[PDB]
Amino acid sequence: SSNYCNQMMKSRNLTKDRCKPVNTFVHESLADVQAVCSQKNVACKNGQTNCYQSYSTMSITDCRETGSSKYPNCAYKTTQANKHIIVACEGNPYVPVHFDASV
C-alpha cells in the first residue's frame, strides 16, 4: 500500500532524529542480497570502487520524502520497482554495508 514507507521508515527508526530523505527496501532473501558482493563490480556514486551491481533484477521499494515532509512530521512516497541493486561491500565475510543505488 501507499502506507508502506510511512510505516516502515518509522518502525525502522529512520525518522528518529531526522527525516531520512531516501531509503530503499529490498524484498529478496538475505542470501541473494549478500550474493551481490560477488557480482558486477562497479563504481560507487561517490567514486569509491567497492560497489557491486546485481546481475539480475530484484524486487525493491523506494521511499521518498514528500514535499510536505518536515521533522518531526515525516512523510514518504512509496514506489515499487524491479531493478538491479548496487551496494557497497566490505569486511570478512564480504557483505553489503551501504545501499548505493538501483539501475
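Sequential numbering from 1, following the sequence displayed.
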Seminar exercise, completed: Higher avg CA temperature factor (66-74 vs 22-30, as deposited) belongs to 66-74
For this session: Please place residue 53 in the lowest, middle or highest third of its chain by C-alpha B factor as given in the entry.
Result: lowest
Exercise. Against its chain's modelled residues, does residue 81's Cα B factor rank lowest, middle or highest third?
Worked result: highest
Exercise. Taking the C-alpha B-factors as the PDB entry records them, is residue 5 in the lowest, middle or highest third of its chain?
Worked result: middle
For this session: Just say lowest, middle or highest third for the CA B-factor of residue 15 relative to the other modelled residues in its chain.
Result: middle
